[PDB]
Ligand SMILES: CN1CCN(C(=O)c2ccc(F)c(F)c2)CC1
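Just one chain follows, in the form solved without this ligand, and it is written as structure tokens.
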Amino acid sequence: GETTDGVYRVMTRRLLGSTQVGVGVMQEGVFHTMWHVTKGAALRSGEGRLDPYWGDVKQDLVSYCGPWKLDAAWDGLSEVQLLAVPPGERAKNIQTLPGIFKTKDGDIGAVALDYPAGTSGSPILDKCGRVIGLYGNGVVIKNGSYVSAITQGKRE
């Protein structure tokens, strides 16, 4: 169906009303979302059908119709913008300076912005509007609040 570039809402008619399970990004004819949102399942867009192409549980990422296209990354210095698409609410750009997830395999970016779990899959933008990662997978700190990572896949 519609394959126009941009940010999309991932919805389900399986429960009471139309619940928003997550968010995704269309770019070069590929739907990019977090695995925990769709569980690898096929989606629908009008009468059209989106079938998965790649996915990985550890990375928590899954791409539809083609391989992962998003390849930009945070420079570790500049402020970023979470283009947050919350359930029942309009898309909103929220500027923040990222944190750090120090792991044994390497340091990753982080965003200390707390949104309803249905916002999972919202893009994180650099000063050019290039997608550098997805919000929705992170950790709960001693504060009780959520700190998500800037999740980005590989382009081949």
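Start at 1 and count along the sequence shown; that's the residue number.
For the pair 57-65 and 110-118, the record assigns the higher mean C-alpha temperature factor to 110-118. When the two stretches 88-96 and 35-43 are set side by side, the higher mean Cα temperature factor goes to 88-96. Sort the modelled residues of the chain by CA B factor and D51 lands in the middle third. For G22, the recorded CA temperature factor ranks within the lowest third of the chain's modelled residues. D126 sits in the middle third of its chain by CA B factor, as recorded in the PDB entry. Sort the chain's modelled residues by C-alpha temperature factor and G136 lands in the lowest third, per the entry.
Keep in mind that the form deposited with this ligand bound is missing from the display, and what follows is about it.
Judged by the 2.4 Å clash test against backbone and C-beta atoms, the pocket of this chain is blocked once this ligand is superposed from its pose in the deposited bound form, as three or more ligand atoms violate the cut-off. Not displayed here, this ligand is kept clear of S45 by more than 4.5 Å at the level of heavy atoms in the deposited bound form.
This ligand in the deposited bound form is approached by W68, whose closest heavy atom lies within 4.5 angstroms of it. Looking at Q59, you'd find a heavy atom of it within 4.5 angstroms of this ligand in the deposited bound form. The putative spot formed by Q27, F31 and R130 is not touched by this ligand in the deposited bound form; no residue has a non-hydrogen atom within 4.5 angstroms of it.
With contact defined as any non-hydrogen atom lying within 4.5 angstroms of this ligand in the deposited bound form, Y53 is the only contacting residue in 32-53.
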